[PDB]
């Protein structure tokens, strides 16, 4: 029992007495009721996710935000495009999830206003071309914390209050598949830099169905990684995570219901 710092996130003041589950959502009706299921399954947030023409990315994301606004659960956007961020916030999205660390030109300007939650992810890459890079680290843990601290500073320098910001070590983006990813999972609480109050920024962790998983289970396909994905989530929560982003929602909630019983009893002594 440690408590991750709260996250102001749009409509919702989110507090982490228990860690929360982000269901990954990504036909428009197909996905309307796919989200009613996720909520019923125990999802506490919904992650609305070549690449795509702005014309298109907008057609497929903006209706979904308005379609699901009234369900009243935190709605999160997986985008690095400022135009996408600008639009989605206006349509009432609660949290922006950006692989690029709010580095694309304009990104910080598009989100410095309002109450939305912001999660800055670590990734090794050249923002200009959007080419993901090859690993290169001193201590990968020091390096990821260092990077994310610079990004929390950048956001705060443009008016963003410390408490709207959570961070993400970016399993799978520029990391040696096992050596770097598991180093970060093993050291998870040490990957978040300090808020001005001294508390660490809450951490979001997304490992679901990822390569780091398939590499330790003799190479199973992305859809054959459920129990592996659950396991990574528990390890992450056992080590500090505030939120875990997953495709397999009910399994993850079941697991975390066991973990919370355990912690509830370690506290009763």
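Numbering follows the first chain given and starts at 1.
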Count class of deposited residues lacking coordinates, residue 49 to residue 50
4 to 9
Interresidue gap class [residue 26, residue 27; deposited sequence, unmodelled]:
10 or more
As stated in the PDB record, which stretch has the larger average Cα B-factor, 129 to 137 or 147 to 155?
129 to 137
Decide which of the stretches 107 to 115 and 67 to 75 has the higher mean C-alpha B-factor, going by the entry.
67 to 75
Out of 35, 234, 227, 205, which shows the largest CA B-factor listed in the entry?
35
Third of the chain, ranked by Cα B-factor, where residue 86 sits
middle
Report the third (lowest, middle or highest) to which the CA temperature factor of residue 197 belongs, ranking only the modelled residues of the same chain.
highest
Entry-reported Cα temperature factor of residue 221, expressed as the chain third it lands in
highest
Residue 60 by Cα B-factor - lowest, middle or highest third of the modelled chain
highest
Cα B factor band for residue 44 (lowest, middle or highest third within the chain)
middle
